[PDB]
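Colleague: No sequence on hand, only this structure:
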Ligand SMILES: *[C@@H]1O[C@H](CO[C@@H]2O[C@@H](C)[C@@H](O)[C@@H](O)[C@@H]2O)[C@@H](O[C@@H]2O[C@H](CO)[C@@H](O[C@@H]3O[C@H](CO)[C@@H](O)[C@H](O)[C@@H]3O)[C@H](O)[C@H]2NC(C)=O)[C@H](O)[C@H]1NC(C)=O
Ligand SMILES: *[C@@H]1O[C@H](CO[C@@H]2O[C@@H](C)[C@@H](O)[C@@H](O)[C@@H]2O)[C@@H](O[C@@H]2O[C@H](CO)[C@@H](O[C@@H]3O[C@H](CO)[C@@H](O)[C@H](O)[C@@H]3O)[C@H](O)[C@H]2NC(C)=O)[C@H](O)[C@H]1NC(C)=O
């Protein structure tokens, strides 16, 4: 028997679905999402890391001008400085006083640190949804791990589960993301081969091991101080280091819908967005024939206490006369009231307790305790605690879910005004009918 | 100088773009797409292959009944056949005649061939476009390899190229594809864990080396022939082998827009879809000053022959007076006519020869050479050949592109009728003005 139901994508909140298969005693399955993962498909664009500026020892010609040679190195710069008379610890380096010329050169290489310290620039396309579902089946807890794209069937205890597709394609990840050691950011990183100095992606490579490096640090060689050999330069500070200080909050801190973000692989977990359809194929052996089930008659529901405290604060006691010893599934007939127990045991003339959660001011609801139904009603009190550390187990209320006392007042007021109108309307109708009787 | 142009997404067809930078001689860059690749990002769903049915030697018990326990193997089946009296070459196996029972069991597992012969069920999301472009930069042929997503700047001879994004997101691949070898199919393969017997996907695994195997072959054990030791069974033949015979045409042969399909990795190549924006950052060194360039005067154009073939039929002879020896760009001022040569050499008082193609019955166009325009005119003949094995070098014909003789006829006819109306209208206007001159 194939049963199709839909639950909210909210994680950690159990939902109950009634499987009503004619000829068999009603079955109730409790399903809870333990984990929902949206794993984006990524394509690496480039690696950003700290750059190393390489400055080979300067070449000094005591007499005669040095010549520059072009090189293909990532950001090669070379300049000749005439009129230089450098000193070493033991005295002037050159015999020549004025004809001395220095050749300075420098280039940029990706640092050895880039092997472990780097940010990866990725493009995200679509997400592969995956979910772990806890199901109470035949009274046992079975965990179903399946892809939530609607195309993965998982069979446990001969029950086949289809999960998804997701009702929402929403993902916390943007088209372009940057990943740094567990921290994922949504940013429009600059195009490969066209990065800018002092900004993220100033030095770029396609892979951490690639020797193909783009660099735009605008390295400029300056004239050495008189009497010295050092090679001064002006260069934009690594955009990677600046980014690390200016990263801002990561997606696990900024994402909507309470999404948890993790890396290796990049994952968005437990995003409370949309619904997740579930289809369960339940084998005939799993069902108990109606005639083989206890029949419950002479039922009466009493509700000794009710508080709409979001944690099954309500308790109801149901008296019953069971035809025989056995088990019966319990289901609420209204969405407004959720019952914690999926099944109870029945025997003879006795009573059972059920814990329930509702937002209702007045808990008017019906309960199916096996094959028969009983009507429950109560006045529910508010909680004293303003804040809790858990999501409500009950659903929200509509405008029609006001209290019984409030409804009585509304009916009396509405009826009072409606009666005045109905009477005034009748008087006018009679007068008009008379007015047309005098034509 | 940043020049932004759009090249139609056609491979093997050269396009001319004019770079007009004030103060410098006009430059023409010839661009040709050599290869355009759309590479879909894939996520493997499962592997299918030919299955092996494993049948262990049958267990025969003599005076006694055999029994077995259920196993977790992918499609395990076990049955006990009573009343068996098997013979071997030397006589009956059991001393007992009727008390004998045979225990037959079998299961389905991936064959040893699945490591080599298999089909991969992939999910295709979006494609990363890339292209190889030929550019006639500075009179030389420069090959640019770049991603075509608006990213990946490529610098060649100090000229920086940005390619894309593509004007069309269209791809030949559906969201579900199946890859066998060099063939890719747009197949809506069945959900994992829920394949059907005798059909593709009857046996499934997540990876070629995975021990996680789903199988649905309807393997049913049959009673053995009397006196014979064997385990007969009814099983649906491999759906993989059936699929191989029923594969049909692959996307390589069925895809629209002339798309070429290849695998390892999966690629769609040279699809004639939409267009591809190109932005070129051209260094000032690449431009020649107007004063340094040759200046042409006293230009005239004649066309010894013209045929409006898809090839470069039609030759224009242009006479010129050049102030200096040198070279300059040649550009057509009309889209209707394309000139094969991008640049020519000019000297003194001489003539230049260029080839062009057009769909025009009457070729009327202006040619800009060294910033001087000359007007050409010709009567073009139709081609004798009906079909060629190459795409037209010229653009399409507009509704306004009518021959000069035909245009003359239209003007004479339209003018003649318009004149009759204008005269008739004048007569009526005069009569009405007279009518209103009464009283
Ligand atoms: C099926 O599982 C549910 C939920 O239990 C959770 O999921 C399971 C698969 C396991 O991973 C559990 O470790 C995990 O908690 C079971 O219901 C839960 O039972 C536990 C006791 O085992 C309850 O803990 C206590 O409950 C009392 C109630 O008065 C509290 O006072 C205690 O402070 C403490 O919380 C837990 O609350 C309860 N959860 C719910 C929603 O009812 C369920 O019993 C199990 N069924 C079977 C047959 O295993
Ligand atoms: C720049 O490149 C173009 C195009 O050439 C193509 O791309 C190059 C990068 C190379 O890969 C070439 O192998 C490739 O074809 C050159 O124009 C082409 O020149 C060739 C001759 O070298 C022409 O082939 C001839 O065409 C005539 C036509 O009548 C035939 O009779 C000959 O037998 C022969 O096939 C080719 O047609 C022509 N292509 C076009 C569109 O005109 C170009 O010369 C080159 N320039 C430089 C400086 O290298």
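Modeller: Perfect, thanks for sending it. Numbers count the residues shown, from 1 in each chain, chains lettered A, B, ... in the order given. Ligands and ions are numbered 1, 2, ... in the order given.
Colleague: Any idea how many residues pack against the closest residue to ligand 2 within the stretch 151-300 of chain A?
Modeller: Residue of the stretch 151-300 of chain A nearest ligand 2, by Cβ to the nearest ligand atom: residue A:193 (22.4 Å). Placement of C-beta: from N, CA and C, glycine included. If you count neighbours by other Cβ atoms under 10 Å in any protein chain shown, residue A:193 ends up with 20.
Colleague: likewise the one 3 residues further on?
Modeller: Other residues lying near residue A:196 total 14 when counted by other Cβ under 10 Å.
Colleague: got it, and residue A:158?
Modeller: Residue A:158, neighbours per other Cβ under 10 Å, totals 11.
Colleague: Now the closest residue to it other than its chain neighbours: phi and psi?
Modeller: Leaving out its chain neighbours, the residue that sits closest to residue A:158 by Cβ to Cβ, 6 or more residues apart in numbering or on different chains is residue A:283, at 4.6 Å. Phi and psi for residue A:283, reported as degrees, to the nearest 10, are phi -70, psi 150.
Colleague: looking at it, residue A:283 is touching residue A:159, isn't it?
Modeller: Yes - at 6.6 Å, residue A:283 counts as touching residue A:159 under the criterion of Cβ atoms under 8 Å.
Colleague: the more surrounded of those two?
Modeller: residue A:159 (19 against 12).
Colleague: so who does the residue of the stretch 151-300 of chain A closest to ligand 2 touch?
Modeller: With contact set as Cβ atoms under 8 Å, 6 or more residues apart in numbering or on different chains, residue A:193 has these partners: A:204, A:214, B:152, B:153, B:154, B:155, B:160.
Colleague: Most neighbours among the residues you listed, please name it.
Modeller: residue A:204 (28 neighbours).
Colleague: which helices and strands sit right next to the helix or strand where it lies?
Modeller: Counting by DSSP states H and E, the element that carries residue A:204 is strand A:203-205. Helices and strands touching strand A:203-205, by 3 or more Cβ pairs under 8 Å, 6 or more residues apart in numbering or on different chains; DSSP states H and E, are strand A:27-49, strand A:101-110, strand A:213-215.
Colleague: ok, now with 6 Å
Modeller: Using 3 or more Cβ pairs under 6 Å, 6 or more residues apart in numbering or on different chains; DSSP states H and E, the elements in contact with strand A:203-205 are strand A:213-215.
Colleague: pretty sure residue A:346 is touching residue A:328, no?
Modeller: Yes - using Cβ atoms under 6 Å, residue A:346 and residue A:328 qualify as a contacting pair, with a distance of 5.5 Å.
Colleague: Common neighbours of these two, please.
Modeller: residue A:294 (Cβ atoms under 6 Å, 6 or more residues apart in numbering or on different chains).
Colleague: and residue A:364, how many neighbours does it have?
Modeller: So residue A:364, with other Cβ under 10 Å, has 16 neighbours.
Colleague: and it, what are its phi and psi?
Modeller: phi -90, psi 110.
Colleague: Residue A:26 too?
Modeller: The phi/psi pair for residue A:26 (degrees, to the nearest 10) is phi -50, psi 140.
Colleague: tell me the contacts of it?
Modeller: A:20, A:329.
Colleague: How many residues are close by residue A:8?
Modeller: Quick note: residue A:8 (other Cβ under 10 Å) scores 15 neighbours.
Colleague: Likewise for the one 4 residues further on?
Modeller: In terms of burial, residue A:12 registers 13 neighbours under the definition other Cβ under 10 Å.
Colleague: do you know how far it is from ligand 2?
Modeller: In this view, residue A:12 and ligand 2 are 63 Å apart by Cβ to the nearest ligand atom, to the nearest Å.
Colleague: In this structure the residue nearest to residue A:158 contacts residue A:160, no?
Modeller: No - between residue A:283 and residue A:160 there is no contact under Cβ under 6 Å: 8.8 Å.
Colleague: In three-state terms, label residue A:72 for me.
Modeller: coil (DSSP: H, G, I helix; E, B strand; the rest coil).
Colleague: Count the residues that sit near residue A:244.
Modeller: Neighbours of residue A:244 using other Cβ under 10 Å come to 15.
Colleague: same thing with residue A:390?
Modeller: Residue A:390: 9 neighbours (other Cβ under 10 Å).
Colleague: Residue A:173 and residue A:125 touch, don't they?
Modeller: No - using Cβ under 6 Å, residue A:173 is not in contact with residue A:125; the gap is 9.8 Å.
Colleague: Next, the buried residues of stretch A:1-16.
Modeller: For stretch A:1-16, the neighbour count (16 or more other Cβ atoms under 10 Å in any protein chain shown) marks A:3, A:7, A:9, A:10, A:11, A:13, A:14, A:15, A:16 as buried.
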